[PDB]
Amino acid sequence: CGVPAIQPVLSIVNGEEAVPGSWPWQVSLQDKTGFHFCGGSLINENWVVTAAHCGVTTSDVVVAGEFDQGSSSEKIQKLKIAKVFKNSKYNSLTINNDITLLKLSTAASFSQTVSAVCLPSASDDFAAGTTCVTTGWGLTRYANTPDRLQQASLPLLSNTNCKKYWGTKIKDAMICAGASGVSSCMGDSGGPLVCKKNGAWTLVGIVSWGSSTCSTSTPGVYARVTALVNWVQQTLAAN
C-alpha cells in the first residue's frame, strides 16, 4: 500500500493537474448515471473509505483507475457497492466522526493505476506543519468540476492554530490542513489527505468540510483517520 506504480509529481482550488494514475487509490463515487458526487480511497481490493456525509448507497458506484472524467474511452473499473457501513457515531450536527466504509460487490482488479493507500495506526502522530497532499475532482474555482484529477500539497495544522479560526467547531475526530493558498472544494469530499509514513502514502484525513467559499486562507477540516482507524479495522474484521 501507499506506493504508486506511477510516481506523482508535486509542486481543489489553486492545486495542479496530477500525473495520470499517480494516485491509484483515488476513486470517484458516482450515481447510476455517472454523476460524480464524492471521492474515496481504496484501502484494499474490496473496501473503500469515504466521508459519512457523502451519503453513499448501494445504488451508487465506485469508479477506480480514472483520471479524465471527460474521456469516454479511458479504461476504468465501475465497481458495484455491496454494502455501506456508515460509522454509527457520525454526528450529523457537528460533523464529527465523518467516515463511511464501502464494501464492493466484486473486488477491484489492482494494477498500475489501481491500488490501495496505507492506513495509519491509532497512535500515529503526524506533526503539525507536515506537508501532505489531497486529491480530487472538486471545483477548482468557487461552475463545473475539472475533468482531470487535481492535487495539492498542504500543511497539517495544529488543533490550537485551527481553533484560532473555527473555535469549538473542531472536534476530536477532526484534523485540519491548508489555509496555505489551496483548498478542498465542492466534489472533493470523501477523498484522501495523505502524508508519508516511512515513505509510504498513508491516509491521515478524509475531505470533510471547511470554508463555505473554499477560501484558500482558511483551514480545511478533515476526518482524523487515526481517531477512526480502530473502527475501520473492526468493521473489516467483522465483514
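For every residue, the number given is its place in the sequence shown, counted from 1. Whichever C-alpha set is largest while still superposing within 1.5 Å between the two forms counts as the rigid core.
Taking 71-79 and 124-132 in turn, the stretch whose Cα atoms are more displaced from the shown form in 9 other deposited structures of this protein following rigid core superposition is 71-79. Farther from the shown form on average, by C-alpha root mean square after a core fit in 9 other deposited structures of this protein, is 183-191, of the stretches 183-191 and 167-175.
Coordinates for residue 140 are present in every one of the other compared entries of this protein that model residues on both sides of it, well short of the third needed to count it as often missing.
The stretch of deposited sequence separating residue 142 from residue 143 contains 1 to 3 residues lacking coordinates in this entry.
In the deposited entry, the stretch joining residue 11 to residue 12 is interrupted by 4 to 9 residues of the deposited sequence lacking coordinates.
Per-stretch averaging of Cα B factors for 33-41 and 192-200 places 192-200 on top. Two stretches are in play, 130-138 and 102-110, and the higher mean C-alpha B-factor belongs to 102-110. The PDB entry gives the largest Cα B-factor of the residues 96, 150, 158, 168 to 158. Annotation for residue 181: CA B-factor lies in the middle third of the chain's modelled residues. In the PDB entry, a CA B factor belonging to the middle third of its chain's modelled residues is recorded for residue 65. Sort the chain's modelled residues by C-alpha temperature factor and residue 57 lands in the middle third, per the entry.
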